[PDB]
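*Asks:* Contents of input.pdb (PDB, C-alpha atoms (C1' of nucleotides)):
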```
ATOM      1  CA  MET A   1      62.178  90.580 122.177  1.00  0.00           C
ATOM      2  CA  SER A   2      58.877  92.304 121.362  1.00  0.00           C
ATOM      3  CA  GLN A   3      56.122  93.763 123.518  1.00  0.00           C
ATOM      4  CA  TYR A   4      53.305  91.426 122.422  1.00  0.00           C
ATOM      5  CA  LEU A   5      55.500  88.341 122.746  1.00  0.00           C
ATOM      6  CA  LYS A   6      57.661  86.622 125.407  1.00  0.00           C
ATOM      7  CA  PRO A   7      59.392  83.216 125.420  1.00  0.00           C
ATOM      8  CA  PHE A   8      58.432  80.261 127.621  1.00  0.00           C
ATOM      9  CA  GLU A   9      59.517  76.667 128.226  1.00  0.00           C
ATOM     10  CA  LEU A  10      58.025  73.491 129.691  1.00  0.00           C
ATOM     11  CA  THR A  11      59.058  70.136 131.129  1.00  0.00           C
ATOM     12  CA  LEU A  12      58.683  66.946 129.099  1.00  0.00           C
ATOM     13  CA  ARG A  13      60.019  63.787 130.761  1.00  0.00           C
ATOM     14  CA  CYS A  14      58.485  60.520 129.607  1.00  0.00           C
ATOM     15  CA  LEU A  15      58.280  57.535 131.957  1.00  0.00           C
ATOM     16  CA  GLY A  16      56.466  55.096 129.719  1.00  0.00           C
ATOM     17  CA  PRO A  17      57.498  54.595 126.101  1.00  0.00           C
ATOM     18  CA  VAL A  18      56.533  57.015 123.337  1.00  0.00           C
ATOM     19  CA  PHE A  19      55.158  55.827 119.989  1.00  0.00           C
ATOM     20  CA  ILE A  20      53.643  58.162 117.394  1.00  0.00           C
ATOM     21  CA  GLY A  21      52.772  56.419 114.156  1.00  0.00           C
ATOM     22  CA  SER A  22      54.028  57.735 110.844  1.00  0.00           C
ATOM     23  CA  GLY A  23      52.702  55.275 108.246  1.00  0.00           C
ATOM     24  CA  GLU A  24      56.024  53.419 108.095  1.00  0.00           C
ATOM     25  CA  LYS A  25      56.582  49.718 108.792  1.00  0.00           C
ATOM     26  CA  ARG A  26      59.581  47.440 109.363  1.00  0.00           C
ATOM     27  CA  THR A  27      59.523  44.038 107.691  1.00  0.00           C
ATOM     28  CA  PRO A  28      61.566  40.845 107.174  1.00  0.00           C
ATOM     29  CA  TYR A  29      64.836  42.215 110.977  1.00  0.00           C
ATOM     30  CA  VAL A  30      66.336  39.512 113.212  1.00  0.00           C
ATOM     31  CA  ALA A  31      63.959  38.162 115.875  1.00  0.00           C
ATOM     32  CA  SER A  32      66.359  36.123 118.006  1.00  0.00           C
ATOM     33  CA  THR A  33      67.186  35.721 121.698  1.00  0.00           C
ATOM     34  CA  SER A  34      69.747  38.483 122.301  1.00  0.00           C
ATOM     35  CA  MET A  35      70.174  40.491 119.069  1.00  0.00           C
ATOM     36  CA  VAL A  36      67.767  42.505 116.923  1.00  0.00           C
ATOM     37  CA  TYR A  37      70.197  43.365 114.136  1.00  0.00           C
ATOM     38  CA  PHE A  38      69.014  46.353 112.094  1.00  0.00           C
ATOM     39  CA  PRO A  39      71.693  46.526 109.384  1.00  0.00           C
ATOM     40  CA  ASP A  40      72.621  48.824 106.523  1.00  0.00           C
ATOM     41  CA  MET A  41      70.927  47.678 103.328  1.00  0.00           C
ATOM     42  CA  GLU A  42      73.455  49.562 101.177  1.00  0.00           C
ATOM     43  CA  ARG A  43      76.388  47.248 101.946  1.00  0.00           C
ATOM     44  CA  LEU A  44      74.859  43.867 101.029  1.00  0.00           C
ATOM     45  CA  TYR A  45      75.571  44.372  97.295  1.00  0.00           C
ATOM     46  CA  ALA A  46      79.346  44.967  97.507  1.00  0.00           C
ATOM     47  CA  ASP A  47      80.571  41.443  96.656  1.00  0.00           C
ATOM     48  CA  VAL A  48      79.201  41.284  93.098  1.00  0.00           C
ATOM     49  CA  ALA A  49      82.728  41.165  91.679  1.00  0.00           C
TER      50      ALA A  49
ATOM     51  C1'   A B   1      21.964 157.080 -25.723  1.00  0.00           C
ATOM     52  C1'   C B   2      27.513 158.267 -18.575  1.00  0.00           C
ATOM     53  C1'   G B   3      34.922 156.946 -20.873  1.00  0.00           C
ATOM     54  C1'   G B   4      30.245 153.807 -20.494  1.00  0.00           C
ATOM     55  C1'   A B   5      29.176 147.961 -20.269  1.00  0.00           C
ATOM     56  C1'   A B   6      31.942 143.103 -18.146  1.00  0.00           C
ATOM     57  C1'   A B   7      35.676 141.333 -14.351  1.00  0.00           C
ATOM     58  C1'   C B   8      37.682 137.615  -7.209  1.00  0.00           C
ATOM     59  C1'   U B   9      43.221 141.068  -5.248  1.00  0.00           C
ATOM     60  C1'   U B  10      43.168 135.268  -6.463  1.00  0.00           C
ATOM     61  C1'   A B  11      45.892 130.266  -6.384  1.00  0.00           C
ATOM     62  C1'   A B  12      49.171 127.214  -3.322  1.00  0.00           C
ATOM     63  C1'   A B  13      53.152 126.818   1.917  1.00  0.00           C
ATOM     64  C1'   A B  14      52.756 123.192   9.308  1.00  0.00           C
ATOM     65  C1'   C B  15      55.795 128.694  13.511  1.00  0.00           C
ATOM     66  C1'   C B  16      57.918 124.304  12.896  1.00  0.00           C
ATOM     67  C1'   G B  17      62.821 121.247  14.237  1.00  0.00           C
ATOM     68  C1'   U B  18      66.880 120.106  19.141  1.00  0.00           C
ATOM     69  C1'   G B  19      65.727 120.091  25.150  1.00  0.00           C
ATOM     70  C1'   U B  20      64.752 115.267  31.917  1.00  0.00           C
ATOM     71  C1'   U B  21      62.163 120.436  36.878  1.00  0.00           C
ATOM     72  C1'   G B  22      67.630 117.793  37.177  1.00  0.00           C
ATOM     73  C1'   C B  23      71.885 117.359  40.768  1.00  0.00           C
ATOM     74  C1'   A B  24      74.266 117.478  46.993  1.00  0.00           C
ATOM     75  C1'   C B  25      70.474 115.921  51.954  1.00  0.00           C
ATOM     76  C1'   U B  26      69.769 109.751  58.186  1.00  0.00           C
ATOM     77  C1'   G B  27      63.112 111.370  60.552  1.00  0.00           C
ATOM     78  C1'   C B  28      67.732 112.008  63.774  1.00  0.00           C
ATOM     79  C1'   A B  29      69.667 113.168  69.382  1.00  0.00           C
ATOM     80  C1'   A B  30      67.934 111.968  75.012  1.00  0.00           C
ATOM     81  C1'   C B  31      64.901 108.495  78.374  1.00  0.00           C
ATOM     82  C1'   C B  32      65.031 101.304  83.198  1.00  0.00           C
ATOM     83  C1'   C B  33      57.963  99.155  82.291  1.00  0.00           C
ATOM     84  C1'   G B  34      60.051 101.186  87.286  1.00  0.00           C
ATOM     85  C1'   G B  35      58.131 101.535  92.203  1.00  0.00           C
ATOM     86  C1'   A B  36      55.657  99.217  98.315  1.00  0.00           C
ATOM     87  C1'   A B  37      51.952  92.993  99.478  1.00  0.00           C
ATOM     88  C1'   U B  38      54.252  86.379 104.188  1.00  0.00           C
ATOM     89  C1'   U B  39      51.604  81.236 100.598  1.00  0.00           C
ATOM     90  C1'   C B  40      49.274  82.387 104.589  1.00  0.00           C
ATOM     91  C1'   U B  41      46.332  81.513 109.723  1.00  0.00           C
ATOM     92  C1'   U B  42      42.250  76.055 112.663  1.00  0.00           C
ATOM     93  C1'   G B  43      44.492  70.856 112.805  1.00  0.00           C
ATOM     94  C1'   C B  44      47.904  65.017 117.995  1.00  0.00           C
ATOM     95  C1'   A B  45      48.376  58.654 113.445  1.00  0.00           C
ATOM     96  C1'   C B  46      44.877  57.428 116.080  1.00  0.00           C
ATOM     97  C1'   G B  47      40.368  54.966 118.064  1.00  0.00           C
ATOM     98  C1'   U B  48      40.101  48.866 118.724  1.00  0.00           C
ATOM     99  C1'   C B  49      42.000  43.438 122.526  1.00  0.00           C
ATOM    100  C1'   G B  50      36.857  37.515 125.103  1.00  0.00           C
TER     101        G B  50
END
```
Once more with this new file: its structure as structure tokens, please.
*Replies:*
Amino acid sequence: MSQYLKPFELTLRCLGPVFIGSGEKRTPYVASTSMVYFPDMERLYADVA
RNA sequence: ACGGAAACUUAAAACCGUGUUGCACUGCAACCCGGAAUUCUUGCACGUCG
């Protein structure tokens, strides 16, 4: 390394959930009893023929 | 009344005619617009719930 600079590390274990906003929103996803199906939007236009 | 006295050495005629200061000749040969400079340093997607 160098003489002015050493490396270091730290612990980061979350116990509660982690949410940092990024200006992005999900909109009608499937809000049902057992499945929240987040699909691929690219494949829904492959039966045009 | 002196071998005396009178008389222009005179008239016209172009030193002119033919003739290039001309012919051959690179303003040419050689070179880098070239070397050294961080687009960077401060910065949490969050306050807010009868």
*Asks:* Give one line per residue of chain B that approaches chain A to at most 9 Å, naming the two atoms of the closest pair and their distance in Å to one decimal, counting only C-alpha atoms (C1' of nucleotides); sort by chain then ascending residue number and deliver it as JSON lines.
*Replies:*
```
{"residue": "B:44", "atom": "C1'", "partner": "A:20", "partner_atom": "CA", "distance": 9.0}
{"residue": "B:45", "atom": "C1'", "partner": "A:21", "partner_atom": "CA", "distance": 5.0}
{"residue": "B:46", "atom": "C1'", "partner": "A:21", "partner_atom": "CA", "distance": 8.2}
```
*Asks:* Can I get the selection written as a PDB file, keeping the file's coordinate frame, with C-alpha atoms (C1' of nucleotides)?
*Replies:*
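See result_13.pdb below for the written result:
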```pdb
ATOM      1  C1'   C B  44      47.904  65.017 117.995  1.00  0.00           C
ATOM      2  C1'   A B  45      48.376  58.654 113.445  1.00  0.00           C
ATOM      3  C1'   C B  46      44.877  57.428 116.080  1.00  0.00           C
TER       4        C B  46
END
```
*Asks:* Please measure the separation of atom CA of residue 32 of chain A and atom CA of residue 48 of chain A, giving the value in Å to one decimal.
*Replies:*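 Straight-line distance from atom CA of residue 32 of chain A to atom CA of residue 48 of chain A works out to 28.5 Å.
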*Asks:* For a quick check of understanding, using only C-alpha atoms, which of A:41, A:5, A:16, A:10 has the smallest distance to residue 29 of chain A?
*Replies:* A:41
*Asks:* Using Å and a single decimal, report how far atom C1' of residue 49 of chain B sits from atom CA of residue 18 of chain A.
*Replies:* 19.9 Å
*Asks:* Can you measure atom CA of residue 45 of chain A to atom CA of residue 31 of chain A for me? One decimal in Å is fine.
*Replies:*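 Separation of atom CA of residue 45 of chain A and atom CA of residue 31 of chain A: 22.8 Å.
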*Asks:* What are the centre and the three edge lengths of an axis-aligned box that wraps all atoms of segment 22-28 of chain B in the file, given that 8 Å is added to every side, written as lines of an AutoDock Vina configuration file and rounded to one decimal in Å?
*Replies:*
```
center_x = 68.7
center_y = 113.8
center_z = 50.5
size_x = 27.2
size_y = 24.0
size_z = 42.6
```
